[PDB]
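Student: Using only what follows, build the 3D model:
(chains A, B and C, ligands or ions: 7)
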Amino acid sequence: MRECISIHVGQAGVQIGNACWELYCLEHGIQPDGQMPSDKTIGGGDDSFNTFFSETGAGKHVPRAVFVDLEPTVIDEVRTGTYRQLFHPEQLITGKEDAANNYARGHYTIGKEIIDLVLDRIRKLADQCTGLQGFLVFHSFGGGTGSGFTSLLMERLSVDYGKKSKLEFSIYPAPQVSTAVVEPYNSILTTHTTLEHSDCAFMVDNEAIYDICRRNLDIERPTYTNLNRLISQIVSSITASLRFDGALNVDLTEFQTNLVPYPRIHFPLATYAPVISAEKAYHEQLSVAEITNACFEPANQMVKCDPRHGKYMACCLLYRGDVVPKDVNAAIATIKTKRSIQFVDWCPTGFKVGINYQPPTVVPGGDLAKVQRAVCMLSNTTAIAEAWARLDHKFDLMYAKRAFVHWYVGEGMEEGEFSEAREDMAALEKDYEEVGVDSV
Amino acid sequence: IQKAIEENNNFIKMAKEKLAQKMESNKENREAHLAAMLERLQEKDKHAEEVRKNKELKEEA
Amino acid sequence: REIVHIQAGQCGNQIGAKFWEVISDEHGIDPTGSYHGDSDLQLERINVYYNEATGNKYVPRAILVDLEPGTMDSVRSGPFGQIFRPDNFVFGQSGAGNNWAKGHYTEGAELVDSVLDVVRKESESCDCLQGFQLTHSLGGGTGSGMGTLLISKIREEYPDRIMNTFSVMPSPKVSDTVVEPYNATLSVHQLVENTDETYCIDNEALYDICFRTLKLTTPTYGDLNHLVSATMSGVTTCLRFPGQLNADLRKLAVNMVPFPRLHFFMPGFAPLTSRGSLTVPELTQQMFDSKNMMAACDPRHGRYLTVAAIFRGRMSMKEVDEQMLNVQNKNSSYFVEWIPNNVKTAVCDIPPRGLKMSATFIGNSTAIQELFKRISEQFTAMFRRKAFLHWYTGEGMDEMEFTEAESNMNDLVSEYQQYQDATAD
Ligand SMILES: O=C(Cc1ccc(-c2ccc(OCCN3CCN(C(=O)CC4CC4)CC3)cc2)cn1)NCc1ccccc1
Ligand SMILES: Nc1nc2c(ncn2[C@@H]2O[C@H](COP(=O)(O)OP(=O)(O)OP(=O)(O)O)[C@@H](O)[C@H]2O)c(=O)[nH]1
Ligand SMILES: Nc1nc2c(ncn2[C@@H]2O[C@H](COP(=O)(O)OP(=O)(O)O)[C@@H](O)[C@H]2O)c(=O)[nH]1
Ligand SMILES: [Ca+2]
Ligand SMILES: [Ca+2]
Ligand SMILES: [Mg+2]
Ligand SMILES: [Mg+2]
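Tutor: Numbering: from 1, shown residues only, chains lettered A, B, ... in the order given. Ligands and ions are numbered 1, 2, ... in the order given. Please find the structure below.
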């Protein structure tokens, strides 16, 4: 009951899904052949980990997932990789040509050729569910697939599953670690197209992840693997309430109730601690107070913005590991008395706390250190609108000259779609401005 | 309760309608672009036919 | 992921033969087609340019075209000659005599179908074709006229496939033939319209490099083709070797061409060292040096719309990021500000043969204007006096067709100027 189907779209989505499912397996004690000696319920069960894993009669635990990319390079690595055994081949779907960083190809030209099959496979996954709860969609803003095909899939899922929850984990483009200069265009387009079909979206700025990997892990030049492992840790913290369950656990929907004051204001800012190397972690046990403090240092945020220059509409803390309410409340009191936590006048200032007891694990030989406790803060703040502004600026610089626009028009699009998406983005920016104004 | 159902159904219907319209419009636009480009190349072949025809009207002189 | 190679004419066939020599060396393929390399990374993307023939042979997906038979016999005679498809040699007898009309309209028109049949066969065995590349020259007749035409017919039959060209620019410094400006303008008229990317290989830039920087008072065509082969190996490096970049020609073209007409690139290579007598900062400047450019243009006389830099060799990629950011910020005035993050940079950890590390440079700069204005100048010097027009009107062409090509090229130059003068506000 209460199952969740993960959909990983494009290169970024697929590789992040690899990280996430490997980490889930390590967390639940599932082997790469799908076996779990812990589970004595053969063939099924209502356990918490079954929200993300189905079971076969042979004892295999299969991710409730489907990976989709318009070209086979990335998913072929999964098919031949260490966890090739976990997935039924039908869960891994590939086209032949990709979207070439073009939203039009992902949404219209190439996406239409494979959308029906993807929906059929998603339906096959959903038909196994006794009470499906929603979808988790992993994708990048910048890629032609991750933008266009993700948008098309979200529209179609809205059609075929009604208002059933669809959460997003979206990769916000870094200005200097990207393959494409047209990523502002795709970002604006897909944000416009999916805004009505997403109930909650967690943006991850690759620049923030890159800076965190460099500063906290002393990695000269982080790779996609480093960023993806950190992102997997964040996703695991967010989904642990779904996959584990205990006395103090708070279910992600309960946080979602607080985090979304209006349908359009559904972009939480995620912060994660501790991110620390093995070398620095030795003889440096980190207390609840210390990681909670780190949660409010902006250098640990998933998106580069300044919360202190905006206003909070919600603040949730998701602890996992050796944590008890006494220490959490003490740390929160110190932070309240020593930081700039300015709430909008129309919502309460309390902090919503959940704690999972299962400690965080780490990929063997990874750069992140194993720790006894960790925390992820999910805050609804106006400051995240900066991430929009920045992007909306880059867009504006190119579209004034129609730079690269011919590549989209050539694939069937009209300038009207560009203008409509940009106007929607401007309305979103002013909505974020408005929510922060004080009442009369 | 019936209003809730009506709004869910309305959302689904208009999602479907707008997506169908978008895909139809995109198909029409891409088809027109290709067609224009194909006819341009054909007119180019034509100019080529004309000039090659012309070459035969000067040698007979 | 398969590309189909077409070389047309003397220059095209010769520099294409050298290109195949170089990349076969890099991929560990011998003149017979067998693989004897010591790295499986040499073959992960071998199908990009080779078919796997029965008996574990490797054969270039290449297509040799000419209205003269001498270049095919020479190509077979030279190194790796026996590796090409013997049925892919499409030949003629009558030649074109440095006449654009004879290559485009009359004789090349007779041979074009013969060439297209071979192209069709090669294409129909591709699991997923990504596009074509053409090596040819603009000053000749066959490579010029027949390549432009063959490009148009391929676009007819493959309208949604990438067409790139390595086009060699005529220069008085290397070729005596006067009428080359006519052929260059006529072929540019076509290229502006039917290609996705044209890498302007300038013979004036090549001779200037070979003389002033390589110390060759007399360089042979082989000396220039050494540079050209190095450049072509660099430009194709990303597609030929595994890395952390998932890009076919359509992705790279999307990132490099902001306006359909302005797709004429300024290649660059470093290091350029003579046989008589290297750090990432030095590679980086040398690569941005106006005197490492393969087009006779000064980038500091224009502004970059987009730039791509491919480094080859084991190096500190942190240092690469540092030096590229450095050049960008210390030369900000030469990068248009309405295209944020318009400089992309790739690293391949395997150098080319003979060097510990090289730096290939692709640039979409409005300074290419200088090259196009050069040609145009020569063009008008004849057309205002209608010199040699009988060579072309004899084949059926009209005089206003020359005028259209001249005005189209002038329009292209005026367009490069427009976006060079544009500002954000
Ligand atoms: O376009 C051509 C010639 C050509 C044009 C452009 C490019 C190109 C090069 C770099 C680039 O971005 C660099 C990618 N970033 C990606 C991830 N990075 C990380 O650090 C990963 C880790 C997390 C931090 C940084 C790097 C984009 C494009 C290459 N080549 N085509 C070839 C051709 C022409 C004509 C005929 C045949 C073939
Ligand atoms: N964090 C992270 N981001 C990635 C990764 N791979 C790609 N991206 C993001 O995606 C953008 C580039 O587009 P891709 O994801 O590579 O392309 P795609 O989604 O597969 O769709 P195509 O453009 O058609 O290839 C960049 O802006 C990156 O931020 C990854 O492995 N990890
Ligand atoms: N770089 C280079 N250019 C060449 C070579 N051979 C001919 N060219 C150029 O091409 C022009 C003549 O074209 P050509 O190669 O004869 O093709 P064709 O006339 O159609 O057969 C001249 O302007 C030369 O600069 C060569 O081996 N290398
Ligand atoms: Ca169970
Ligand atoms: Ca000579
Ligand atoms: Mg991809
Ligand atoms: Mg010749």
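
Student: Looks like residue A:313 contacts residue A:434 (just checking).
Tutor: No. The criterion here is Cβ atoms under 8 Å, and residue A:313 misses it with residue A:434 at 12.0 Å. Heads up, the C-betas are built off the backbone N, CA and C, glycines and all.

Student: Give the residue from the two that has the larger number of neighbours.
Tutor: Using other Cβ atoms under 10 Å in any protein chain shown, the more surrounded residue of residue A:313 and residue A:434 is residue A:313, with 23 against 11.

Student: Excluding chain neighbours, what is closest to that one?
Tutor: residue A:380 (4.1 Å; Cβ to Cβ, 6 or more residues apart in numbering or on different chains).

Student: for that neighbour, what are its contacts?
Tutor: A:258-261, A:265, A:267-269, A:312-315 (Cβ atoms under 8 Å, 6 or more residues apart in numbering or on different chains).

Student: Is there a quick ChimeraX command that grabs whichever of the residues you listed are buried?
Tutor: To isolate the buried ones among the contacts of residue A:380 in ChimeraX, judged by 16 or more other Cβ atoms under 10 Å in any protein chain shown, type:
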select /A:258,259,260,265,267,268,269,312,313,314,315
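
Student: which among the contacts of residue A:380 gets closest to chain C?
Tutor: Among the contacts of residue A:380, residue A:267 lies closest to chain C (Cβ to the nearest Cβ), at 22.3 Å.

Student: ok but the closest one is inside a helix, no?
Tutor: No. Per DSSP: H, G, I helix; E, B strand; the rest coil, residue A:267 lies outside any helix segment and is coil.

Student: so what's the residue of the stretch 201-350 of chain A found nearest ligand 4 up against?
Tutor: Using Cβ to the ion, the point where the stretch 201-350 of chain A gets nearest to ligand 4 is residue A:243, with a distance of 12.0 Å. The neighbourhood of residue A:243, defined by Cβ under 8 Å, 6+ apart, consists of A:24, A:27-28, A:48-49, A:51-52.

Student: re earlier: so what's the residue nearest to residue A:313 bridging to?
Tutor: residue A:314 (DSSP bridges).

Student: Any figure for the gap between it and residue A:397?
Tutor: 29 Å (Cβ to Cβ, to the nearest Å).

Student: same check, this time on residue C:419
Tutor: Separation of residue C:419 from residue A:397 (Cβ to Cβ): 13 Å.

Student: what do you get for residue C:5?
Tutor: From residue C:5 to residue A:397 the distance is 38 Å (Cβ to Cβ).

Student: Compare these two (neighbour count), which wins?
Tutor: residue C:5 (22 against 17).

Student: Which residue comes closest to that one once chain neighbours are left out?
Tutor: residue C:62 is the one closest to residue C:5 (Cβ to Cβ, 6+ apart), at 4.2 Å.

Student: show me the contacts for the closest residue to chain B within the stretch 1-150 of chain A.
Tutor: Chain B sits closest to residue A:108 of the stretch 1-150 of chain A, with a gap of 4.3 Å, by Cβ to the nearest Cβ. Listed by Cβ under 8 Å, 6+ apart, the contact set of residue A:108 reads A:148, A:152, A:411-413, B:22-23, B:26-27, B:30.

Student: Show me which of those residues are buried.
Tutor: Buried among the contacts of residue A:108 (16+ other Cβ under 10 Å): A:148, A:152, A:411-413, B:22-23, B:26, B:30.

Student: And the strands in the stretch 251-400 of chain C?
Tutor: Here the stretch 251-400 of chain C has its strands, by DSSP state E, counting those that start in this stretch, at C:264-265, C:304-312, C:343-348, C:358-365.

Student: which residue sits closest to residue B:55, ignoring its sequence neighbours?
Tutor: Counting by Cβ to Cβ, 6+ apart, the residue nearest residue B:55 is residue C:396, at 3.8 Å.

Student: Go ahead and confirm the one you found touches residue C:102.
Tutor: No. Applying Cβ under 8 Å as the test, residue C:396 and residue C:102 come out as separate, 10.3 Å apart.

Student: who's more crowded, these two?
Tutor: Per other Cβ under 10 Å, whichever of residue C:396 and residue C:102 has more neighbours is residue C:102, with 24 against 21.

Student: can you pull the contacts of the closest residue to that one other than its chain neighbours?
Tutor: Nearest non-adjacent residue to residue C:102, counting by Cβ to Cβ, 6+ apart: residue C:96, 4.2 Å away. The neighbours of residue C:96, taking Cβ under 8 Å, 6+ apart as the test, are C:67, C:102-103, C:107-108, C:140-142, C:145-146.

Student: taking the residues you listed one by one, which sit in helices?
Tutor: Among these, the ones falling in helices (DSSP state H) are C:107-108.

Student: Next, count neighbours for the closest residue to ligand 3 within chain C.
Tutor: Residue of chain C nearest ligand 3, by Cβ to the nearest ligand atom: residue C:140 (2.4 Å). Residue C:140 has 31 neighbours, counted by other Cβ under 10 Å.

Student: So it versus residue C:85, what's the distance?
Tutor: For residue C:140 relative to residue C:85 (Cβ to Cβ), the value is 24 Å.

Student: Could you identify the most distant pair in the buried ones among the contacts of residue A:108?
Tutor: A:152 and B:30 (15.4 Å; Cβ to Cβ).

Student: which residue is nearest the middle of chain C?
Tutor: Ranked by distance to the mean C-alpha position of chain C (Cα atoms, centre = their mean), the top residue is residue C:166 at 1.7 Å.

Student: need the residues of the stretch 301-425 of chain C near chain B, please.
Tutor: C:394-398 (Cβ under 8 Å from any Cβ of the partner chain).

Student: I'd like those residues as JSON lines, with distance to residue C:29 appended.
Tutor: What follows is those, written out as JSON lines (distance: Cβ to Cβ, whole Å):
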{"residue": "C:394", "distance to residue C:29": "45"}
{"residue": "C:395", "distance to residue C:29": "41"}
{"residue": "C:396", "distance to residue C:29": "44"}
{"residue": "C:397", "distance to residue C:29": "43"}
{"residue": "C:398", "distance to residue C:29": "48"}
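
Student: The residues you listed into CSV, with extra columns for distance to ligand 6?
Tutor: Converted to CSV, those look like this (distance: Cβ to the ion, whole Å):
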residue, distance to ligand 6
C:394, 53
C:395, 48
C:396, 48
C:397, 46
C:398, 48
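
Student: Can you flag the buried ones in those?
Tutor: For those, buried by 16+ other Cβ under 10 Å: C:395-397.

Student: What about those, which are in helices?
Tutor: Using DSSP H, none of these sit in helices.

Student: and which of the residues you listed is nearest to residue A:12?
Tutor: Within these, proximity to residue A:12 (Cβ to Cβ) peaks at residue C:397, which comes in at 52.9 Å.

Student: Which residues of the stretch 51-200 of chain C lie near ligand 1?
Tutor: C:133, C:164, C:197 (Cβ under 6 Å from any ligand atom).

Student: quick one: which of these has the most company?
Tutor: Neighbour-wise, these (other Cβ under 10 Å) top out at residue C:133, 24 neighbours.

Student: interface residues of the stretch 1-150 of chain C facing ligand 3?
Tutor: Going by Cβ under 6 Å from any ligand atom, the residues of the stretch 1-150 of chain C near ligand 3 are C:9-11, C:14-15, C:96, C:98, C:137, C:139-144.

Student: With respect to residue A:187, which of these is nearest?
Tutor: Of those, the one sitting nearest to residue A:187 (Cβ to Cβ) turns out to be residue C:15, at 41.0 Å.
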